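Okay, so here's just one chain, in C-alpha cells, the form deposited in one PDB entry.
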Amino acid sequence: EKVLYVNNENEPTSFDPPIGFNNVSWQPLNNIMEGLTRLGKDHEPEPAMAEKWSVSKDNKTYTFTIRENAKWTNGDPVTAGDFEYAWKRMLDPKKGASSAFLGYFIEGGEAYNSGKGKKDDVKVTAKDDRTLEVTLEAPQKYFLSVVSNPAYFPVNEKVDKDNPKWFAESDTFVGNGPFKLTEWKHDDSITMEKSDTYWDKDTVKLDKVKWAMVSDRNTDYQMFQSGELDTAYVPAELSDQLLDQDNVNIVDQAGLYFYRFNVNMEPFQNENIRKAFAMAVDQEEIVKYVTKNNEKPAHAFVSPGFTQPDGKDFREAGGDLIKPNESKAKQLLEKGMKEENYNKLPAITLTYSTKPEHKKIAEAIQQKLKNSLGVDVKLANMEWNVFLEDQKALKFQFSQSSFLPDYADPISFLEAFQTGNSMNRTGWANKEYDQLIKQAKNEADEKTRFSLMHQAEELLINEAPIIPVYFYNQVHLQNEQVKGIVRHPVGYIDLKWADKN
C-alpha cells in the first residue's frame, strides 16, 4: 500500500468549496474535488470535469462539454447543473463567501452578489446535463485557470438540498476528485483514498494520502526524520546544513514580501525620498543573511510564476526595475530633503505584524537604512488582525506587506495599484497607470496586453510607493521515494500524478 504522509498543520476551516479561501482548507480540498479544468504538471489548465470547450467570436462566451463518464462518489453523474448550482451559490449575497469576488468574472455575478441584480441574470447556464454556457463580463484568456480554483468547484445539488452540511464530515461528503475523503478526525487527521468513481483513476498511483495537523515546526521535523512525514518544512535553525541536500524541493510561489509607503504622510510625499529608501535596500543581503530559505530577491513588483504568450516568465522577461545603489540612494535623499526644506527627516515608524520573521526583516531594514542613508526609523509591531485593518485605513507611514495573487495572470498584481483600489493602501494615484490598466483589460491581442502590463509595472516601480523585498517560494524536505507532486505558482497542491516507489 502506497501511502503519502503530509502535514496540513491545522484543521481545514471549511470543505464547503467557496468558504475556506485558504491553504488549510483548499490544499486537501483540491484533491477530493475537481473543477472544469485542473492545472497540469506545466501549470496550464487542462480538461478535468470539462472534456473540451469552445469560445465565442467576442471571446466572452464559453461552452463547456462535461465529460460523459464524470461521477460523484455516490455514483451520481457530474452534470452541468451541478456547476450552475455551485457558481450561483458561491455568489449568493446571503452566503457571504470570502471567495465570491472570483465569481464577479461571470456576467451579472457582482450585481447578484451585491443584492442589486437577479440570480437568473448571472450568465452561467446548464443548457443540458452535458453543456455549460458561461458569459464573462469581459474577455479574460486566463478564465480557464480561474475555473480550476476551488471557488468554482461543483456541488452535488441533490446532496446539498438533502443535507446542507454534507461537507462538514467525511461520512456525508460527496466529492468528484482523484481521491475520496474516507476519514476526518477534526483537529487530528484526514485520510483520503484513491477514488473508484473517478474518471481518471488509472492515472492515480497512490493508494492513500494521510494529512497530519501538527503546527509545531519542531515536531514537523522530527516526523520527517522518523519517516512519519514524507514531506516537511526545512527547520530554520538547520537551514545552512540542510538547504543544499538532494532531498530539498524548491519551487516558485507567486507573491511578494514588500513594504508600503503612505505617499500622503511626510516624508513620503516626496518621490526622491521614497526612491532613496527603495534604492538603499539590498534584497540580496536580506535573503542571504536574514531569511535564508533561498527566496529570490525582488527588484520588481510582479513575482516569478506567470507565463507569457511566448512561454517566458513575466518577471524574467521584464527584468530588474530597481537596482540597489547606496551612493545614488544618498544623492536622491539629499535632493528630496532639499526640495522639502528638511534639515532632518520627520520621524519615521516602520510598522509590522508581530511574528519572528517580520521582526528580523524589519530590524535588518532599520539597520540598512541607518548604515546606508544615516536615517533613523523606529519599529512598531502589532497583532495581525489590527495591523491589517489599520493598513487598509492608511494609518501607517511605512509598513510590512504581503501580496499573493488571486488568479493566474499578472493583472492580479497590477490592478492592486490603481487609484483607490482596496489592495493599494499607499495613497498612490497615477492617472497614466490607471489608463494602462484600463487598456490592458480591454486589449484583445495577448502580446500587446503583456506589453501594457510591463509598461505599467515600470511606472509603478519608478515612483516607488513600495519597496520590493523577496519573492515567495515553496521549500520542502521530501522523501526520495516520492515523485510527481505538483505545487503550482498560483493554485493548490496536486497529488493525482504523485507516486511513492
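Each residue number is its position in the shown sequence, starting from 1. For the two forms, the rigid core is made up of the largest set of C-alpha atoms that agree within 1.5 Å on superposition.
As for the form deposited in another entry, it is not shown, yet the points below apply to it.
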| property | result |
| --- | --- |
| Cα displacement of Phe83 between the shown form and the other one reaching 2 Å, rigid core superposed | no |
| Rigid core superposition, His476 Cα moves 2 angstroms or more between the shown form and the other one | no |
| In that other deposited form, shift in Cα separation for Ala111 relative to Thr419, 3 Å or more | closer |
| Relative Cα spacing, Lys441 and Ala111, in that other deposited form - shift of 3 Å or more | closer |
